[PDB]
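Asks: So that you have it, the file is query04.tsv, and it contains TSV, C-alpha atoms:
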chain	number	residue	atom	x	y	z
A	58	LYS	CA	0.00	0.00	0.00
A	59	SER	CA	1.41	3.35	-1.17
A	60	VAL	CA	-1.66	5.59	-1.05
A	61	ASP	CA	0.17	8.57	0.47
A	62	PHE	CA	3.01	9.61	2.77
A	63	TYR	CA	0.54	10.27	5.60
A	64	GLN	CA	0.32	6.63	6.69
A	65	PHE	CA	3.28	5.08	8.49
A	66	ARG	CA	4.92	2.26	6.54
A	67	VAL	CA	8.19	0.36	6.16
A	68	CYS	CA	9.30	-0.48	2.61
A	69	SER	CA	12.84	-1.81	2.19
A	70	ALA	CA	12.28	-5.02	0.21
A	71	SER	CA	14.14	-5.32	-3.10
A	72	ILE	CA	13.79	-8.62	-4.96
A	73	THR	CA	12.26	-8.17	-8.43
A	74	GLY	CA	11.68	-4.44	-8.76
A	75	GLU	CA	11.23	-2.90	-12.19
A	76	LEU	CA	14.38	-1.57	-13.85
A	77	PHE	CA	14.75	1.91	-15.31
A	78	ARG	CA	17.47	3.93	-17.03
A	79	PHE	CA	18.06	7.63	-17.65
A	80	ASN	CA	17.98	8.83	-21.26
A	81	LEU	CA	20.45	11.57	-22.24
A	82	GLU	CA	19.79	11.70	-26.00
A	83	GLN	CA	16.57	13.72	-26.39
A	84	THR	CA	17.01	17.25	-27.71
A	85	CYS	CA	14.93	20.05	-29.16
A	86	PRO	CA	14.93	19.95	-32.97
A	87	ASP	CA	15.55	23.23	-34.74
A	88	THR	CA	12.61	24.99	-36.33
A	89	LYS	CA	11.78	24.48	-39.99
A	90	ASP	CA	11.58	27.22	-42.63
A	91	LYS	CA	8.86	28.72	-44.83
A	92	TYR	CA	8.74	28.68	-48.62
A	93	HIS	CA	6.96	32.07	-48.71
A	94	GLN	CA	5.85	31.82	-52.32
A	95	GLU	CA	5.38	35.18	-54.01
A	96	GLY	CA	5.06	36.94	-57.33
A	97	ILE	CA	3.42	39.74	-59.25
A	98	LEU	CA	-0.19	40.49	-58.33
A	99	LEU	CA	-2.80	42.63	-60.07
A	100	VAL	CA	-6.28	43.58	-58.91
A	101	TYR	CA	-9.33	44.40	-60.99
A	102	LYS	CA	-12.48	46.20	-59.86
G	307	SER	CA	-24.13	50.78	-84.38
G	308	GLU	CA	-21.56	48.77	-82.44
G	309	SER	CA	-21.55	45.41	-80.66
G	310	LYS	CA	-21.51	45.19	-76.88
G	311	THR	CA	-18.27	43.24	-77.23
G	312	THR	CA	-15.17	45.28	-78.15
G	313	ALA	CA	-17.00	48.39	-76.87
G	314	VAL	CA	-17.24	48.23	-73.05
G	315	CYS	CA	-15.45	45.84	-70.71
G	316	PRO	CA	-16.76	45.83	-67.12
G	317	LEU	CA	-13.33	45.47	-65.45
G	318	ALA	CA	-10.69	48.15	-64.99
G	319	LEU	CA	-7.29	47.95	-63.33
G	320	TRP	CA	-6.99	49.47	-59.86
G	321	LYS	CA	-3.51	48.77	-58.47
G	322	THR	CA	-0.42	46.71	-59.20
G	323	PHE	CA	1.83	44.90	-56.76
G	324	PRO	CA	5.26	43.45	-57.57
G	325	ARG	CA	5.76	41.81	-54.16
G	326	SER	CA	2.95	39.71	-52.70
G	327	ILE	CA	3.50	36.68	-50.47
G	328	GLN	CA	0.83	34.13	-51.35
G	329	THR	CA	0.26	31.94	-48.30
G	330	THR	CA	-2.05	28.94	-48.30
G	331	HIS	CA	-4.58	28.08	-45.60
G	332	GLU	CA	-7.06	25.37	-44.61
G	333	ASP	CA	-9.46	25.91	-47.52
G	334	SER	CA	-8.44	29.21	-49.15
G	335	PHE	CA	-5.50	31.39	-50.17
G	336	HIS	CA	-4.12	34.66	-48.84
G	337	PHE	CA	-2.54	37.37	-50.99
G	338	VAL	CA	-0.79	40.16	-49.08
G	339	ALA	CA	-0.24	43.73	-50.28
G	340	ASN	CA	1.88	45.49	-47.67
G	341	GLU	CA	1.94	48.71	-49.70
G	342	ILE	CA	-1.64	49.50	-48.66
G	343	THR	CA	-1.78	47.03	-45.74
G	344	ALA	CA	-4.36	44.67	-47.20
G	345	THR	CA	-4.98	40.96	-47.62
G	346	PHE	CA	-7.31	39.19	-50.04
G	347	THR	CA	-8.76	35.70	-49.82
G	348	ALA	CA	-9.91	33.32	-52.54
G	349	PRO	CA	-11.14	29.72	-52.71
G	350	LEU	CA	-8.45	27.12	-53.33
G	351	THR	CA	-9.92	26.24	-56.72
G	352	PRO	CA	-8.93	28.74	-59.45
G	353	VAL	CA	-12.59	29.53	-60.12
G	354	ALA	CA	-11.54	31.78	-63.03
G	355	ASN	CA	-11.90	28.89	-65.45
G	356	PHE	CA	-12.60	31.04	-68.53
G	357	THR	CA	-10.88	34.38	-68.13
G	358	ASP	CA	-10.34	34.17	-71.90
G	359	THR	CA	-13.97	35.22	-72.41
G	360	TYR	CA	-12.94	38.55	-70.86
G	361	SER	CA	-11.12	39.02	-74.14
G	362	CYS	CA	-10.54	42.77	-73.72
G	363	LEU	CA	-8.00	42.60	-70.92
G	364	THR	CA	-6.04	39.84	-72.70
G	365	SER	CA	-4.11	42.55	-74.55
G	366	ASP	CA	-3.08	44.93	-71.79
G	367	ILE	CA	-2.52	42.40	-69.00
G	368	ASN	CA	0.23	40.96	-71.20
G	369	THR	CA	1.70	44.46	-71.57
G	370	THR	CA	1.46	45.33	-67.87
G	371	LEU	CA	2.95	41.98	-66.86
G	372	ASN	CA	5.75	42.45	-69.40
G	373	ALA	CA	6.56	45.90	-68.00
G	374	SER	CA	6.47	44.74	-64.38
G	375	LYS	CA	8.60	41.65	-64.97
G	376	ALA	CA	11.03	43.66	-67.09
G	377	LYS	CA	11.44	45.98	-64.11
G	378	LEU	CA	11.75	43.04	-61.71
G	379	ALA	CA	13.98	40.77	-63.82
G	380	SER	CA	17.11	42.04	-62.07
G	381	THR	CA	16.27	39.73	-59.14
G	382	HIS	CA	13.35	37.46	-60.11
G	383	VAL	CA	12.23	35.07	-62.84
G	384	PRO	CA	8.82	33.42	-63.50
G	385	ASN	CA	8.60	30.11	-61.62
G	386	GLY	CA	5.35	29.04	-63.27
G	387	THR	CA	2.29	30.06	-65.22
G	388	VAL	CA	-0.19	32.78	-64.30
G	389	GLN	CA	-3.71	32.24	-62.98
G	390	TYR	CA	-6.77	34.23	-61.96
G	391	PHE	CA	-9.10	34.17	-58.97
G	392	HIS	CA	-12.41	35.76	-57.98
G	393	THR	CA	-12.50	36.89	-54.36
G	394	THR	CA	-15.65	37.04	-52.26
G	395	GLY	CA	-15.79	40.83	-52.14
G	396	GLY	CA	-16.15	41.02	-55.93
G	397	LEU	CA	-12.67	42.04	-57.06
G	398	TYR	CA	-10.58	39.90	-59.41
G	399	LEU	CA	-6.99	38.78	-58.84
G	400	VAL	CA	-4.34	38.08	-61.48
G	401	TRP	CA	-1.36	36.17	-60.11
G	402	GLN	CA	2.02	35.54	-61.77
G	403	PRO	CA	4.27	33.57	-59.40
G	404	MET	CA	7.95	34.48	-59.47
G	405	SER	CA	11.06	33.03	-57.86
G	406	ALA	CA	13.92	35.28	-56.80
G	407	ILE	CA	17.08	34.46	-58.72
G	408	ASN	CA	19.88	32.94	-56.68
G	409	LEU	CA	22.96	35.16	-56.52
G	410	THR	CA	25.14	32.03	-56.82
G	454	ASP	CA	-15.93	51.32	-50.35
G	455	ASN	CA	-16.40	47.95	-48.63
G	456	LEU	CA	-12.68	47.31	-48.23
G	457	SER	CA	-12.22	47.57	-44.44
G	458	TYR	CA	-12.52	43.82	-43.86
G	459	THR	CA	-9.38	43.33	-45.96
G	460	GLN	CA	-7.43	45.55	-43.57
G	461	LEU	CA	-8.97	43.68	-40.65
G	462	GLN	CA	-7.80	40.39	-42.16
G	463	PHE	CA	-4.32	41.83	-42.69
G	464	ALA	CA	-3.99	42.96	-39.08
G	465	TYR	CA	-5.36	39.68	-37.75
G	466	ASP	CA	-2.94	37.65	-39.87
G	467	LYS	CA	-0.01	39.80	-38.75
G	468	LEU	CA	-0.91	39.33	-35.08
G	469	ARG	CA	-1.46	35.60	-35.53
G	470	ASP	CA	1.91	35.15	-37.22
G	471	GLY	CA	3.71	37.15	-34.54
G	472	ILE	CA	2.05	35.29	-31.67
G	473	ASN	CA	2.67	31.87	-33.20
G	474	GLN	CA	6.32	32.70	-33.85
G	475	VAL	CA	6.95	33.91	-30.30
G	476	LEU	CA	5.13	30.84	-28.96
G	477	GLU	CA	7.39	28.56	-31.00
G	478	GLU	CA	10.52	30.40	-29.86
G	479	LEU	CA	9.49	30.22	-26.21
G	480	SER	CA	8.59	26.55	-26.58
G	481	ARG	CA	12.01	25.73	-28.02
G	482	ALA	CA	13.78	27.63	-25.25
G	483	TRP	CA	11.70	25.93	-22.57
G	484	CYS	CA	12.40	22.56	-24.17
G	485	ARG	CA	16.13	23.24	-24.03
G	486	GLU	CA	15.78	24.20	-20.38
G	487	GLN	CA	13.76	21.00	-19.95
G	488	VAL	CA	16.61	18.86	-21.28
G	489	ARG	CA	18.92	20.79	-18.95
G	490	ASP	CA	16.60	20.08	-16.01
G	491	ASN	CA	16.47	16.39	-16.94
G	492	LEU	CA	20.27	16.31	-16.95
G	493	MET	CA	20.29	18.03	-13.54
G	494	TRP	CA	17.79	15.51	-12.15
G	495	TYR	CA	19.87	12.61	-13.48
G	496	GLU	CA	23.00	14.09	-11.89
G	497	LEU	CA	21.23	14.63	-8.56
G	498	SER	CA	19.77	11.10	-8.58
G	499	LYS	CA	23.28	9.61	-8.36
G	500	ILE	CA	23.25	10.03	-4.56
G	501	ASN	CA	19.88	8.59	-3.48
G	502	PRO	CA	17.49	7.53	-6.27
G	503	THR	CA	14.72	6.76	-3.77
G	504	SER	CA	14.18	10.44	-2.95
G	505	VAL	CA	14.09	11.35	-6.65
G	506	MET	CA	11.59	8.57	-7.34
G	507	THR	CA	9.37	9.66	-4.44
G	508	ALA	CA	9.50	13.28	-5.63
G	509	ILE	CA	8.73	12.49	-9.28
J	459	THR	CA	-18.99	44.44	-35.09
J	460	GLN	CA	-16.40	42.46	-37.04
J	461	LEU	CA	-13.67	44.36	-35.21
J	462	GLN	CA	-15.24	43.38	-31.89
J	463	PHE	CA	-15.48	39.76	-33.00
J	464	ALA	CA	-11.81	39.58	-33.96
J	465	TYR	CA	-10.72	41.35	-30.78
J	466	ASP	CA	-12.76	38.98	-28.62
J	467	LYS	CA	-11.38	35.90	-30.37
J	468	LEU	CA	-7.81	37.15	-29.92
J	469	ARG	CA	-8.35	38.04	-26.26
J	470	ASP	CA	-9.87	34.63	-25.56
J	471	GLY	CA	-7.02	32.81	-27.26
J	472	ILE	CA	-4.33	34.84	-25.51
J	473	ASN	CA	-5.94	34.45	-22.09
J	474	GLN	CA	-6.34	30.70	-22.57
J	475	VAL	CA	-2.72	30.19	-23.59
J	476	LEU	CA	-1.60	32.37	-20.66
J	477	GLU	CA	-3.64	30.22	-18.27
J	478	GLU	CA	-2.18	27.01	-19.70
J	479	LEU	CA	1.35	28.42	-19.45
J	480	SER	CA	0.74	29.53	-15.87
J	481	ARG	CA	-0.53	26.09	-14.88
J	482	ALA	CA	2.47	24.37	-16.47
J	483	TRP	CA	4.90	26.81	-14.88
J	484	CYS	CA	3.25	26.29	-11.49
J	485	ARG	CA	3.66	22.54	-11.87
J	486	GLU	CA	7.33	22.99	-12.74
J	487	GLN	CA	7.56	25.41	-9.81
J	488	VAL	CA	6.33	22.76	-7.37
J	489	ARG	CA	8.81	20.35	-8.97
J	490	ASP	CA	11.61	22.89	-8.47
J	491	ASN	CA	10.55	23.41	-4.85
J	492	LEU	CA	10.79	19.65	-4.29
J	493	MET	CA	14.21	19.64	-5.99
J	494	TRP	CA	15.40	22.49	-3.75
J	495	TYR	CA	14.14	20.64	-0.68
J	496	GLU	CA	16.04	17.53	-1.77
J	497	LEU	CA	19.22	19.53	-2.47
J	498	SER	CA	19.04	21.29	0.91
J	499	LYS	CA	19.39	17.94	2.71
J	500	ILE	CA	23.20	18.09	2.32
J	501	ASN	CA	24.20	21.71	3.00
J	502	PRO	CA	21.19	23.84	4.00
J	503	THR	CA	23.38	26.90	4.59
J	504	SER	CA	24.14	27.34	0.88
J	505	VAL	CA	20.44	27.02	0.01
J	506	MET	CA	19.49	29.58	2.66
J	507	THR	CA	22.17	32.02	1.48
J	508	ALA	CA	21.04	31.59	-2.13
J	509	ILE	CA	17.34	32.11	-1.35
W	612	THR	CA	23.80	-9.06	-23.84
W	613	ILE	CA	20.43	-7.54	-24.76
W	614	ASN	CA	19.27	-4.54	-26.76
W	615	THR	CA	19.05	-1.15	-25.06
W	616	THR	CA	15.37	-0.81	-26.03
W	617	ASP	CA	14.40	-3.67	-23.69
W	618	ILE	CA	15.23	-1.63	-20.58
W	619	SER	CA	12.38	0.72	-19.69
W	620	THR	CA	13.12	4.45	-19.67
W	621	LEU	CA	11.39	7.05	-17.51
W	622	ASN	CA	10.15	10.38	-18.89
W	623	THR	CA	10.61	13.16	-16.32
W	624	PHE	CA	9.22	15.99	-18.44
W	625	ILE	CA	6.81	18.86	-17.86
W	626	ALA	CA	4.62	18.77	-20.96
W	627	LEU	CA	4.07	22.24	-22.43
W	628	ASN	CA	0.92	21.42	-24.34
W	629	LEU	CA	0.00	24.68	-26.07
W	630	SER	CA	-2.48	25.99	-28.64
W	631	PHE	CA	-1.88	28.29	-31.59
W	632	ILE	CA	-4.15	31.13	-32.52
W	633	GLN	CA	-5.97	29.45	-35.48
W	634	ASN	CA	-6.76	31.26	-38.69
W	635	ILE	CA	-10.18	32.50	-39.80
W	636	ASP	CA	-11.55	34.28	-42.86
W	637	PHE	CA	-13.68	37.41	-42.53
W	638	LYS	CA	-16.64	37.20	-44.89
W	639	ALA	CA	-17.69	40.62	-46.15
W	640	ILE	CA	-21.18	41.56	-44.97
W	641	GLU	CA	-23.68	44.32	-45.69
W	642	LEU	CA	-26.96	45.63	-44.30
W	643	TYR	CA	-29.29	46.75	-47.11
W	644	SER	CA	-29.16	44.94	-50.44
W	645	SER	CA	-29.30	46.78	-53.76
W	646	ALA	CA	-33.04	46.16	-54.21
W	647	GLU	CA	-33.98	48.29	-51.20
W	648	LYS	CA	-31.53	50.93	-52.40
W	649	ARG	CA	-33.56	51.02	-55.61
W	650	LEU	CA	-36.74	51.14	-53.47
W	651	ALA	CA	-35.36	54.56	-52.36
W	652	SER	CA	-37.00	56.03	-55.52
W	653	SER	CA	-37.57	59.78	-54.87
L	612	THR	CA	47.67	38.97	-6.23
L	613	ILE	CA	45.76	39.77	-9.43
L	614	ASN	CA	42.41	41.16	-10.54
L	615	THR	CA	39.28	39.03	-10.65
L	616	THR	CA	38.41	40.22	-14.18
L	617	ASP	CA	41.31	38.27	-15.72
L	618	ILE	CA	39.76	34.98	-14.56
L	619	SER	CA	37.38	33.60	-17.18
L	620	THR	CA	33.76	33.39	-16.02
L	621	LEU	CA	31.18	30.97	-17.40
L	622	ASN	CA	27.45	31.72	-17.51
L	623	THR	CA	24.42	29.44	-17.84
L	624	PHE	CA	21.66	31.42	-19.56
L	625	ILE	CA	19.32	29.62	-21.89
L	626	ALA	CA	18.95	32.74	-24.00
L	627	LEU	CA	15.26	33.67	-24.02
L	628	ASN	CA	15.84	35.58	-27.26
L	629	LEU	CA	12.41	37.16	-27.58
L	630	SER	CA	10.96	39.18	-30.45
L	631	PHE	CA	8.49	41.97	-29.76
L	632	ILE	CA	5.73	43.29	-32.04
L	633	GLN	CA	6.45	46.09	-34.48
L	634	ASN	CA	3.92	48.88	-35.00
L	635	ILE	CA	2.32	49.48	-38.40
L	636	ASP	CA	0.40	52.56	-39.53
L	637	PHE	CA	-2.78	51.63	-41.39
L	638	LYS	CA	-3.00	53.87	-44.44
L	639	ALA	CA	-6.58	54.79	-45.27
L	640	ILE	CA	-7.60	53.39	-48.66
L	641	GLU	CA	-10.54	53.74	-51.02
L	642	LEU	CA	-11.88	52.04	-54.14
L	643	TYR	CA	-13.55	54.55	-56.48
L	644	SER	CA	-12.05	57.99	-57.04
L	645	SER	CA	-14.20	61.08	-56.56
L	646	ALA	CA	-13.78	61.80	-60.28
L	647	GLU	CA	-15.36	58.44	-61.08
L	648	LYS	CA	-18.05	59.21	-58.50
L	649	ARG	CA	-18.92	62.40	-60.37
L	650	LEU	CA	-18.81	60.51	-63.68
L	651	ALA	CA	-21.32	58.04	-62.17
L	652	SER	CA	-23.72	60.91	-61.27
L	653	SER	CA	-25.46	60.35	-64.66
Reformat the file's structure so that it appears as structure tokens.
Replies:
Amino acid sequence: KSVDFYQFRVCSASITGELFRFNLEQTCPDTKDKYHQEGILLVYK
Amino acid sequence: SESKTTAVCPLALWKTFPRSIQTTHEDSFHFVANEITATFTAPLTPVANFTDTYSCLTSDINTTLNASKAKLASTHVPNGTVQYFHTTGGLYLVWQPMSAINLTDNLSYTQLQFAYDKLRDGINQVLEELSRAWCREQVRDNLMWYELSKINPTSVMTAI
Amino acid sequence: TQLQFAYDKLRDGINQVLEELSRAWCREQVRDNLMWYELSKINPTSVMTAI
Amino acid sequence: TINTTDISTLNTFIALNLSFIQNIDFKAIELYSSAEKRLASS
Amino acid sequence: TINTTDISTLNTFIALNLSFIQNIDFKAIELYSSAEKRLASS
């Protein structure tokens, strides 16, 4: 039982606990770009 | 006597714009004219299927395009064919896409659209910049947590 | 009326993103408080002098 | 010897789930159509 | 005995390189010139 820290408990057993590792490879990718297509434009009323 | 054709043509040129950044959208386009701070929208389909029937303008649009691109040729070339669109307001748009050469009275709503697009672009860009910076700080914080966990992993696990 | 509509949409969007950012920063702030508490277990004097 | 993917990895992130102002199109509107303007008569 | 400035100092700032909002002046525009308006009086 691990509902909260309020209740007194003793937990020191370690037999078949789940294993975990720290990842140090994630990084923020750089932003992409924009084509920003353009050209000559005429209007007609 | 004189035919209606070759006598009066219901469209007249209003303004020209050499630089206009066409940006797509969900289901429409967006043509920007920063010279008068305006933006026009048009459905994605080039609804101007038969602008040839408007046979009058065929002459001068060629001339005006030739003059404009002759002026602009020092830095740009045509990267495709020209098309036409019919906006919702009633105006008509003629578009000639160009690629820069590598060195190696109901018009208020248009202004409203222009301002809204400017604000949206600015806000999205600052959001992306802040997100990238916070992500970098997040990788830094993960490294710090990994370094601190080397002493007693139980406290780190109970905190996380 | 259109001006009011656009202004209201922008204000709503900005306020919502500000609220989300504040909630996330508060969560990270509680996490940082826990981290500071854990770090103070070794040499509390340095933590007190820094704060 | 086993692959590195077998070992579970924790994710101690603070997710910055955001939202981007979206983009809308302002349809041009009007009050009185042309017909009523004709109705003006005199 | 030497000065503290000569000693190299490292800094840890994730540069929050912001970008503020420029101010534009909305030029008032119009569609049909007053000359055309007079010509449409007929």
Asks: For segment 483-487 of chain J, list every protein, DNA or RNA residue within 12 Å, evaluated using only C-alpha atoms, and leave out those in the same chain fewer than 4 positions away; present the list as JSON, numbers by chain.
Replies: {"G": [483, 486, 487, 490, 509], "J": [476, 477, 478, 479, 491, 492, 493, 494], "W": [623, 624, 625, 626, 627, 628]}
Asks: Which distance in Å separates atom CA of residue 87 of chain A and atom CA of residue 479 of chain G, to one decimal?
Replies: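 Taking atom CA of residue 87 of chain A as the start and atom CA of residue 479 of chain G as the end point, the length is 12.6 Å.
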Asks: Need to verify the contact set: residue 327 of chain G, 7 Å, only C-alpha atoms, exclusion of same-chain residues closer than 3 positions in sequence. Can you return it as a tab-separated table (two decimals) with C-alpha atoms, in the frame of the given file?
Replies:
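What follows is the written file around.tsv:
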chain	number	residue	atom	x	y	z
A	93	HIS	CA	6.96	32.07	-48.71
A	94	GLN	CA	5.85	31.82	-52.32
A	95	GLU	CA	5.38	35.18	-54.01
G	337	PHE	CA	-2.54	37.37	-50.99
G	338	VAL	CA	-0.79	40.16	-49.08
Asks: Would you pick out the contacts of residue 639 of chain W at 12 Å or less, using only C-alpha atoms, so that residues sharing its chain but fewer than 2 positions from it are not included, and give the list as an MDAnalysis selection string?
Replies: (chainID G and resid 346:347 393:396 454:462) or (chainID J and resid 459:460) or (chainID W and resid 636:637 641:642)
Asks: Give the superposed chain L as a JSON list (two decimals) with C-alpha atoms, in the frame of the given file, the fit being least squares on chain W over all ordered C-alpha pairs.
Replies:
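Final output, saved to out-v6.json:
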[["chain", "number", "residue", "atom", "x", "y", "z"],
["L", 612, "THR", "CA", 23.81, -9.21, -23.67],
["L", 613, "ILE", "CA", 20.54, -7.59, -24.77],
["L", 614, "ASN", "CA", 19.29, -4.47, -26.53],
["L", 615, "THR", "CA", 18.91, -1.16, -24.73],
["L", 616, "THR", "CA", 15.39, -0.63, -26.12],
["L", 617, "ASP", "CA", 13.94, -3.42, -23.94],
["L", 618, "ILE", "CA", 14.88, -1.48, -20.79],
["L", 619, "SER", "CA", 12.07, 0.86, -19.74],
["L", 620, "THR", "CA", 13.01, 4.54, -19.86],
["L", 621, "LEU", "CA", 11.38, 7.26, -17.76],
["L", 622, "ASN", "CA", 11.08, 10.88, -18.89],
["L", 623, "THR", "CA", 10.49, 14.10, -16.93],
["L", 624, "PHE", "CA", 8.69, 16.53, -19.24],
["L", 625, "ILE", "CA", 6.15, 18.89, -17.76],
["L", 626, "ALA", "CA", 4.15, 18.82, -20.98],
["L", 627, "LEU", "CA", 3.95, 22.39, -22.27],
["L", 628, "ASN", "CA", 0.83, 21.42, -24.22],
["L", 629, "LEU", "CA", 0.37, 24.66, -26.15],
["L", 630, "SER", "CA", -2.49, 25.72, -28.40],
["L", 631, "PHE", "CA", -1.84, 27.94, -31.40],
["L", 632, "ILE", "CA", -4.22, 30.41, -33.07],
["L", 633, "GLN", "CA", -6.50, 29.26, -35.87],
["L", 634, "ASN", "CA", -7.06, 31.47, -38.91],
["L", 635, "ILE", "CA", -10.52, 32.79, -39.79],
["L", 636, "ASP", "CA", -11.63, 34.32, -43.08],
["L", 637, "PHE", "CA", -13.71, 37.46, -42.54],
["L", 638, "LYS", "CA", -16.68, 37.26, -44.89],
["L", 639, "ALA", "CA", -17.68, 40.68, -46.20],
["L", 640, "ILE", "CA", -21.18, 41.62, -45.02],
["L", 641, "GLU", "CA", -23.69, 44.35, -45.75],
["L", 642, "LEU", "CA", -26.95, 45.66, -44.30],
["L", 643, "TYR", "CA", -29.28, 46.92, -47.04],
["L", 644, "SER", "CA", -29.61, 45.06, -50.33],
["L", 645, "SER", "CA", -29.14, 46.92, -53.60],
["L", 646, "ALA", "CA", -32.79, 46.20, -54.40],
["L", 647, "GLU", "CA", -33.82, 48.05, -51.25],
["L", 648, "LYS", "CA", -31.37, 50.81, -52.20],
["L", 649, "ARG", "CA", -33.16, 51.24, -55.52],
["L", 650, "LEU", "CA", -36.53, 51.11, -53.74],
["L", 651, "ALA", "CA", -35.27, 53.94, -51.49],
["L", 652, "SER", "CA", -34.40, 56.10, -54.55],
["L", 653, "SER", "CA", -37.91, 57.67, -54.28]]
Asks: Could you please tell me, as a list in words, which residues of chain J have an atom within 7 Å of chain W when using all atoms listed in the file?
Replies: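 Close enough to count are residues 471, 475, 482 and 486 of chain J.
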Asks: Please provide as a ChimeraX atom specification all residues within 10 Å of segment 372-375 of chain G, with the sequence filter that same-chain residues fewer than 3 positions apart are discarded (counting only C-alpha atoms).
Replies: /A:96-98 /G:322-324,366-369,378-384,402,404
Asks: Store the residues of this selection in a file with C-alpha atoms, as a tab-separated table (two decimals), in the frame of the given file.
Replies:
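The result, stored in again03.tsv:
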chain	number	residue	atom	x	y	z
A	96	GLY	CA	5.06	36.94	-57.33
A	97	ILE	CA	3.42	39.74	-59.25
A	98	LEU	CA	-0.19	40.49	-58.33
G	322	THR	CA	-0.42	46.71	-59.20
G	323	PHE	CA	1.83	44.90	-56.76
G	324	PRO	CA	5.26	43.45	-57.57
G	366	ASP	CA	-3.08	44.93	-71.79
G	367	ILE	CA	-2.52	42.40	-69.00
G	368	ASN	CA	0.23	40.96	-71.20
G	369	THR	CA	1.70	44.46	-71.57
G	378	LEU	CA	11.75	43.04	-61.71
G	379	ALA	CA	13.98	40.77	-63.82
G	380	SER	CA	17.11	42.04	-62.07
G	381	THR	CA	16.27	39.73	-59.14
G	382	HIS	CA	13.35	37.46	-60.11
G	383	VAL	CA	12.23	35.07	-62.84
G	384	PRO	CA	8.82	33.42	-63.50
G	402	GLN	CA	2.02	35.54	-61.77
G	404	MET	CA	7.95	34.48	-59.47
Asks: Nearest residue to residue 489 of chain G out of A:70, A:81, A:89, A:62, using only C-alpha atoms?
Replies: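 Nearest to residue 489 of chain G: A:81.
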Asks: With the cut-off set at 7 Å and counting only C-alpha atoms, tabulate each residue of chain G with an atom at most that distance from an atom of chain L, showing the nearest atom pair and its distance in Å to one decimal, ordered by chain and increasing number, as CSV.
Replies:
residue,atom,partner,partner_atom,distance
G:342,CA,L:638,CA,6.2
G:343,CA,L:637,CA,6.4
G:454,CA,L:642,CA,5.6
G:471,CA,L:632,CA,6.9
G:475,CA,L:630,CA,6.6
G:482,CA,L:627,CA,6.3
G:486,CA,L:625,CA,6.6
Asks: Fewer than 5 positions away in the same chain doesn't count, so skip those; otherwise give me all residues within 9 Å of segment 616-619 of chain W, counting all atoms listed in the file, as a count of residues only.
Replies: 4
Asks: If I take atom CA of residue 339 of chain G and atom CA of residue 388 of chain G, how far is one from the other in Å, to one decimal?
Replies: 17.8 Å
Asks: Can you work out which one of G:503, G:387, G:405, G:312 has the shortest atom-to-atom distance to chain A, counting all atoms listed in the file?
Replies: G:405
Asks: Compute the chain G side of the contact with chain J at 9 Å, counting all atoms listed in the file, and hand it back as JSON, numbers by chain.
Replies: {"G": [458, 461, 465, 468, 469, 472, 494, 497, 504, 505, 508, 509]}
Asks: Could the residues in this selection be written to a file with C-alpha atoms, as a PDB file, in the frame of the given file?
Replies:
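Writing done, so here's result-v1.pdb:
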ATOM      1  CA  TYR G 458     -12.520  43.820 -43.860  1.00  0.00           C
ATOM      2  CA  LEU G 461      -8.970  43.680 -40.650  1.00  0.00           C
ATOM      3  CA  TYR G 465      -5.360  39.680 -37.750  1.00  0.00           C
ATOM      4  CA  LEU G 468      -0.910  39.330 -35.080  1.00  0.00           C
ATOM      5  CA  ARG G 469      -1.460  35.600 -35.530  1.00  0.00           C
ATOM      6  CA  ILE G 472       2.050  35.290 -31.670  1.00  0.00           C
ATOM      7  CA  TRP G 494      17.790  15.510 -12.150  1.00  0.00           C
ATOM      8  CA  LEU G 497      21.230  14.630  -8.560  1.00  0.00           C
ATOM      9  CA  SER G 504      14.180  10.440  -2.950  1.00  0.00           C
ATOM     10  CA  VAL G 505      14.090  11.350  -6.650  1.00  0.00           C
ATOM     11  CA  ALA G 508       9.500  13.280  -5.630  1.00  0.00           C
ATOM     12  CA  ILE G 509       8.730  12.490  -9.280  1.00  0.00           C
TER      13      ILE G 509
END
Asks: Of the candidates W:644, W:622, W:653, W:634, which one gets nearest to chain A if we count all atoms listed in the file?
Replies: W:622
Asks: Just the number, please: distance in Å from atom CA of residue 466 of chain G to atom CA of residue 345 of chain G, one decimal.
Replies: 8.7 Å
Asks: Around segment 483-489 of chain J, with edges along x, y and z and 8 Å added on all six sides, what centre and edge lengths do you get, in Å to one decimal, as JSON?
Replies:
{"center_x": 6.0, "center_y": 23.6, "center_z": -11.1, "size_x": 21.6, "size_y": 22.5, "size_z": 23.5}
Asks: Distance cut-off 7 Å, counting all atoms listed in the file - which residues of chain G neighbour chain A? Return them as an MDAnalysis selection string.
Replies: chainID G and resid 317:329 397:404 481 484:485 488 495
